[PDB]
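Okay, so here's just one chain, in C-alpha cells, the form deposited in one PDB entry.
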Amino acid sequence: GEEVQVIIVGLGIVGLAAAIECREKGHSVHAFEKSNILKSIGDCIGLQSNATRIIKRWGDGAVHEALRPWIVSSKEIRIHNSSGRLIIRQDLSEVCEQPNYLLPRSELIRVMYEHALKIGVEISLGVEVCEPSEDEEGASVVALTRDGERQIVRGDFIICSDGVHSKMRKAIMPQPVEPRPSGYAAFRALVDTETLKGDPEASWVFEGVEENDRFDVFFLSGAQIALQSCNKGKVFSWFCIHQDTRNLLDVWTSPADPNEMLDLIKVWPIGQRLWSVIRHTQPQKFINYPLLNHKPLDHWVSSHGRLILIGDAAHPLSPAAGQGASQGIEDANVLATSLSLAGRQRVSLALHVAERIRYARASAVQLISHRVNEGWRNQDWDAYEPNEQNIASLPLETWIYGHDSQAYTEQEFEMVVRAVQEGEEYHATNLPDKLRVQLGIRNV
C-alpha cells in the first residue's frame, strides 16, 4: 500500500513537469535541484499546443488559469525584408486553434514550482545530485549539499532531467558523442519594458499589442530577427540568428557584446528602427547562444530500467526551433502515464515503454531542428524576398502540435508492452512514417 517513490534530478521546465505529472498521478516525488531556479535569468519560452494540452490537465485547470495572461494572441507572423517592407502575412489560425503560451522562462518556472509545492512534491534546492546506481529492486543517488555533506537517497527509479550538460547521461551513455557546431548562434534577450516605455522612438512597437501579440520577423543578410510581445505588451523579447564561428559555450550566463548586434543591423535600412527597441535590452542580459547540433542518443533508459533521461538530457534542441520545452513536457506526460499503467512491480517496463513511445518522435524533431541551425532556409536576399519558404515550419506542423501524447500512450500501452516483452520493434505512429526512414532514425 506504498506509493511509487520517484526521484527527480533537475528542476528546469521538464523536471518540474515530470514532478507535477508524477505527483498528480498518485506517485511520491522527491525532486532535487542544485540552483535557485527562481532567479531571473534567460528570456522567453514558447509552449505549443502539444504542451498546453498536457498542462491543461494539471490541478483540474489551475496551472492553465495561472498561465492565461501568457496565451499567444498573434494571429499571423509578419515577415519583412531588410527595408522593413512587409512581404508576407503567414496565417496562424490553425496553429492557434488551441492555446499556445509565450512567457519569460523564470515566470513559467515560478508558476510550475508553486503548483508542485502545492500538490505535495518534495523539493530540495541547493543539492547537486551525483553517483546514481540501480539494481533489479531500486535506485539511489547521492545528494551533495554545499557544505560538502553527502546523503544517500533511495527510490524506485531516477528521472534524469538535468539539462543539456547532464552528468546523469554518462550513467546511460558513458562514451559521449560531441555536438557539432552549426556555424550559427542566436542573440536573444528580454527588453526592459520600463525604459522601452518612455522612448518615443520605440512607441511604434506598442501598436495593437493589447489585442494581438507582436510577431514580426525580419530577414537581413546574415540575420534572422524576430520581435515578439506577450501578455498585452508587458513583455517584449527578441532573437537574432546570425553567423558565428567562435568557440561559444552553450550556457545562458556568459557576457555578450550588444554592439555586435548593432553592427549587424545598422548597415541595413531597417536597422535603426529595430535598434530603437532592442537598445533597451539591459547590457548584462544580452545572450549569444551557439546553435549546436546534437545527435540522438542510442537510448534513454539504463541497463536495469530504473534511470531514464528526459528533456535536454535526452534530446537537446536549439532554442531557435520552437519545440524544445514542449517535447520535454511530452516526455514527462508519457513517462508518468506509462508508470501509472505499468504499476510499481513493472517499473523497468514503464520506462522502456515510455522510451519506445517517445524516441522516434523526439528524434525527428531534433534532426529537423538541425536544418534551422544550419540556415538551410536562408537565401541570397539581394535576389530573393523572404516568405513562407524561409520560415522553419516545425511549429507549424499539425503532426507535432496537434498531438495528444497522453491519449496516444493510453491507447497504445499494451501494444508497446507486447513489443518490449517479445523483443519486437515498436513502430510508433506519433510521427509520419516517411519521416522516420528519411531522417535515418534507428529504433531503440
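Only residues modelled in both forms are compared. Each form is matched to the other, and the largest set of C-alpha atoms that superpose within 1.5 Å is called the rigid core. Position 1 is the first residue in the sequence shown; the rest follow in order.
Per the record, averaged over C-alpha atoms, which has the higher B-factor: 146-154 or 326-334? It is 146-154 that shows the higher mean C-alpha B-factor.
Mean C-alpha temperature factor, higher of 306-314 and 132-140: Looking at the recorded C-alpha B-factors, 132-140 comes out higher on average.
Tell me which of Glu122, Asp216, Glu107, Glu97 tops the list for C-alpha B factor in the record. Highest C-alpha B-factor among the listed options: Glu97.
Top Cα B factor in the deposited entry, candidates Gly163, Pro283, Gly126, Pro269: The listed residue with the largest C-alpha B-factor is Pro283.
Could you look up the Cα B-factor of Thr409 in the entry and say which third of the chain it sits in: lowest, middle or highest? Answer is lowest: the recorded C-alpha B-factor places it there.
Using the temperature factors of the C-alpha atoms in this entry, rank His30 within its chain: lowest, middle or highest third. Lowest third, going by the recorded CA B-factors of the chain.
Considering only modelled residues of the same chain, in which third does the CA B-factor of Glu21 rank: lowest, middle or highest? Lowest third of the chain for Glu21's C-alpha B-factor.
Relative to the other modelled residues of the same chain, rank the CA B-factor of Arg53 and answer lowest, middle or highest third. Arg53: CA B-factor falls in the highest third of its chain.
Where the record places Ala320 (Cα B-factor, split into thirds across the chain): Highest third.
Omitted here: the form deposited in another entry. The next part is about that form.
Which one of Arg154, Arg344, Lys197, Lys170 is the only residue whose C-alpha moves by 2 Å or more between the shown form and the other one, after superposing on the core? C-alpha shift of at least 2 Å: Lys170.
Take the rigid core as the frame of reference and indicate whether the C-alpha of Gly375 shifts by 2 Å or more between the shown form and the other one. Yes, its C-alpha moves 2 Å or more.
For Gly59, is the CA shift between the shown form and the other one at least 2 Å following rigid-core superposition? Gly59 C-alpha, core-superposed: shift of less than 2 Å.
Verify the C-alpha shift of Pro69 between the shown form and the other one: is it 2 Å or more after superposing the core? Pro69 C-alpha, core-superposed: shift of less than 2 Å.
Given that the distance between the C-alpha atoms of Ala360 and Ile172 changes by 3 Å or more in the other entry, do they end up closer or farther than here? Their C-alpha distance grows by at least 3 Å in the other entry.
Relative to what we see here, could you say if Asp162 and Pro176 have their Cα atoms closer or farther apart in the other entry, with a change of 3 Å or more? Compared with the shown chain, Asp162-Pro176 is farther in the other entry.
Go ahead and list the segments of at least 3 residues in a row whose C-alphas all shift 2 Å or more between the shown form and the other one, with the rigid core as the reference fit. After superposition, residues 170-172, 174-177, 372-385, 390-395 shift as runs.
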